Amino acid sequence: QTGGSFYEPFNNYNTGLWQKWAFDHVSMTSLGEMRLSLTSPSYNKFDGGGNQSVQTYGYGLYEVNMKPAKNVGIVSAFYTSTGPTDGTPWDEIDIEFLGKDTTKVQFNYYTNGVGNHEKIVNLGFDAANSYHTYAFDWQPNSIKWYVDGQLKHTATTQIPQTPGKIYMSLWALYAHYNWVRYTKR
């Protein structure tokens, strides 16, 4: 990987740490939030709103304090990915919110282009109403997804290994991202 540990409060838009797909996607608020906006076409990428990291990141703790958009059809996401990206394996780890029901969160991952690891977890709260912290601890032999510090799911087989960029996307209305943190453990 090219990137070490960082904390992103989203007070300013750091172009050294992030890049916008389109200047339009993708606006900062006065309350220290990054905002994604979808207007209006499917199916991304890259026909939806999206932000991505400049550097690539590997094993460690990824935390995102966000609020998905609440509307049928749309998907708000936080994920690492190699892209793809031809000449590189498709490795990706996902936190996704289906707008039709923001009381659920979907976990997933891809390794060498093979996903189909969708795990839908009931949150016990509407994710759109307040900020909650969603995380995954990515290590070579396990991914552990957390919601507000509590373990919600564990994957132990076919774990991705290729460092990827950190993405935020809204596709298929606003998704808000309060802060992000990567800890190279």
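Just count from 1 along the sequence shown to find any residue number.
I want to verify a possible break: how many residues of the deposited sequence sit between residue 172 and residue 173 without any coordinates (none, 1 to 3, 4 to 9, 10 or more)?
Missing residues, residue 172 to residue 173: 10 or more.
Please compare 25-33 with 117-125 and say which has the higher mean C-alpha temperature factor in the record.
Between 117-125 and 25-33, it is 25-33 that shows the higher mean C-alpha B-factor.
Higher-scoring stretch by recorded Cα B factor average, 38-46 or 53-61:
Per the deposited B-factors, the answer is 38-46.
Name the residue from 101, 96, 86, 91 with the greatest C-alpha temperature factor listed in the entry.
Most elevated C-alpha B-factor of the set, per the entry: 86.
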